[PDB]
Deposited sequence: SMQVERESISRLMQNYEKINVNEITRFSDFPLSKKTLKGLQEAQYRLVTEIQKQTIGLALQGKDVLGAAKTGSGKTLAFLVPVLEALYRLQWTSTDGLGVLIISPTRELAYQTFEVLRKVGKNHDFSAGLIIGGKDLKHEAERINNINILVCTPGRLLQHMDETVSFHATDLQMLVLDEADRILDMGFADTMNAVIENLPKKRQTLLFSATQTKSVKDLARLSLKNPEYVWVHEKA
């Protein structure tokens, strides 16, 4: 297909240029698919937080973003909303393979992000899977998965020891809680993961804090990044 969805997508995209954060209080003030809006509304998410307001628009427009805001700010939806929309704009489906990698620092943090994604993205037609360790069972299922939520070590493992894993068609890389990723010692793991990905992609980096190392990474991982910070 689909001919109608192409028209709908085209209209959303014409409205990307007109995005103005001073006119945004609600998720529905951004130009978002009906499926994303339904999922947000069904999950009781209606008004945007400041970091969501200041980063979702730029991500919709295809830009690389470093978003910095303390814990509790709403960073998860700040990248998940753009993740869903990136694949929706392409009419991505389960047969299209790996479109988005979201990397979180620990198995519990990865799991928490995965749960938000499966609640808020439930009205979309993409597959989502969680890879966090704790084997071969995993590989069997994930070759077909559109959105993978991962921990850094397990992702690099899948990469190194799975012949069928490829990210040739990756659209977006997201680093969730990027300052913790780095403070755990995963800088070298991250660079190796990045060697296995296409340069052409969009990359979002979300961090709780302003650290030297995350700003350094924003140069290992990001193309002319849009820096955005929020406080108080």
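Q: Could you sort out which parts of the deposited sequence are absent from the coordinates (no C-alpha) and give them as ranges from 1?
A: Unobserved in coordinates, per deposited numbering: 135-136, 235-236.
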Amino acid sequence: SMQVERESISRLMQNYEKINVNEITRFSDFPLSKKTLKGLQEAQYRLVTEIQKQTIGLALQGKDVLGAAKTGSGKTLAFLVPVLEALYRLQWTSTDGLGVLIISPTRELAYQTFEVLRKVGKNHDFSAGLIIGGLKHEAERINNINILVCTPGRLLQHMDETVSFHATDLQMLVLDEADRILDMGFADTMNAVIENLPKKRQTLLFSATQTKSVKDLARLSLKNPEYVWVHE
From here on, numbers count along this sequence of modelled residues.
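Q: For the higher mean C-alpha B factor in the entry, choose 29-37 or 159-167.
A: Comparing 29-37 with 159-167, the higher mean C-alpha B-factor belongs to 159-167.
Q. Looking only at CA atoms, which has the higher mean B factor in the entry: 84-92 or 138-146?
A. Looking at the record's C-alpha B-factors, the answer is 138-146.
Q) With respect to C-alpha B-factor, does residue 15 fall in the lowest, middle or highest third of the chain as deposited? A) Middle third - that is where residue 15 ends up once the chain's C-alpha B-factors are sorted.
Q | Within-chain third of residue 113 by Cα B-factor, per the entry | A | For residue 113, whose C-alpha B-factor we compare with every modelled residue in the chain, the answer is the middle third.
Q) Against its chain's modelled residues, does residue 205's Cα B factor rank lowest, middle or highest third? A) Bottom third by C-alpha B-factor.
Q) By its CA B factor, does residue 61 count among the lowest, middle or highest third of the modelled residues in the chain? A) Answer is middle: the recorded C-alpha B-factor places it there.
**Q.** residue 68 by Cα B-factor - lowest, middle or highest third of the modelled chain
**A.** Bottom third by C-alpha B-factor.
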